[PDB]
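Before any questions on how it binds or moves, here is one chain, the form deposited without the partner chain, in structure tokens.
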């Protein structure tokens, strides 16, 4: 996080805010809701409170304006700058302006008022742009269908006003770092020559032949998917990639969730209704066998037969000597299975049912 130069800060802890005019793009109700919830994100992690007023001046004056609109920060029509807010302070201080030749929404369509307002109000309280890609204050517009403060945002805002008067203290997701040797993965899959690691709302993509890591929201590519993947694998045969969460599984082609999916695992792969979820999955280069891992047991399914194999609720620790009895993630590369469990990574050889290397979970990255 980065605190606005000069460290402007509101002196009162009980602030007032007013919505001057309303955008035509939405019903007043929807605008009101967006703003309210935007303020709440901030009041949840600090002692500050925001009260909506109707008449008269307020600390934070909110408005929808078009082009040059009386303040020296002219808007640029459709596109470009969506909004801007001023530092805490008297007058125009703390005010937020949304550019009206923007198409404010309440859905996944660009640009969602709640999301942009949550960000603007940040500047309204004294925060500047963060260099943390996962932070709400980051300079951009991403939409993971659920606006929330990243741990970085909380630290930034608490540094100016103190922490929540909550006895528990809210927390926010932390952005994974590739050079942290404490890194662990929710799931991993290969895709058109690259390896794609998943962790919370993020993903880390790499081509092992030229180590250079790409970090970003899973929603940048597949907005439909629910954040919190548990397993995943590629099936280049159909050029798809399947993700598992809960007990249903989404399939994807290119950058769009295929028709109908999600779908049930039981009806799609044939798995006893006993299995709640899944821990990890991989598919053999060109053998047609796909291995799914649950708990300490594993199962095999034949793609070219839309069906499992004769009695397969077998043991992990037994047929995969060395990796232990629980898989966090796994993917295949050049004939070897790469198993992940916590920060541990075992390079397993299918042929010799042998373990060649035992590395750190993030060993692939350049650190």
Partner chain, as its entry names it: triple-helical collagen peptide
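Residues that one form lacks are left out of the comparison. If you superpose the two forms and keep the largest set of C-alpha atoms that fall within 1.5 Å, you have the rigid core. Positions refer to the first chain, counted from 1.
Keep in mind that the form deposited with the partner chain bound is not shown, yet the notes after this line are about it.
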Interface membership of residue 160, the partner chain in the deposited bound form, 4.5 Å heavy atom rule: no
Residue 179 within 4.5 Å of the partner chain in the deposited bound form, heavy atoms: no
Contact test in the deposited bound form: residue 141 vs the partner chain, heavy atoms, 4.5 Å: yes
Contact flag, residue 226 vs the partner chain in the deposited bound form, heavy atom cut 4.5 Å: no
Among 290 to 298, 212 to 220, 262 to 270, 151 to 159, the region lying within 4.5 Å of the partner chain in the deposited bound form by heavy atom distance: 212 to 220
Selected contact from 83, 183, 147, 251, since only one has a non-hydrogen atom within 4.5 angstroms of the partner chain in the deposited bound form: 83
Listed options 70, 28, 325, 305; Cα moving by 2 angstroms or more between the shown form and the other one (core superposition): 70
Is_shifted residue 226 between the shown form and the other one (CA, 2 Å cut-off, rigid core): no
C-alpha of residue 270 moved at least 2 Å between the shown form and the other one on rigid core: no
Threshold 2 Å Cα movement between the shown form and the other one at residue 131, rigid core reference: no
Change in CA distance between residue 209 and residue 354 in the deposited bound form, which is 3 Å or more, as closer or farther: farther
Superposed on the rigid core, segments between the shown form and the other one of at least 3 residues with Cα shifts of 2 Å or more: 66 to 81, 166 to 168, 207 to 211
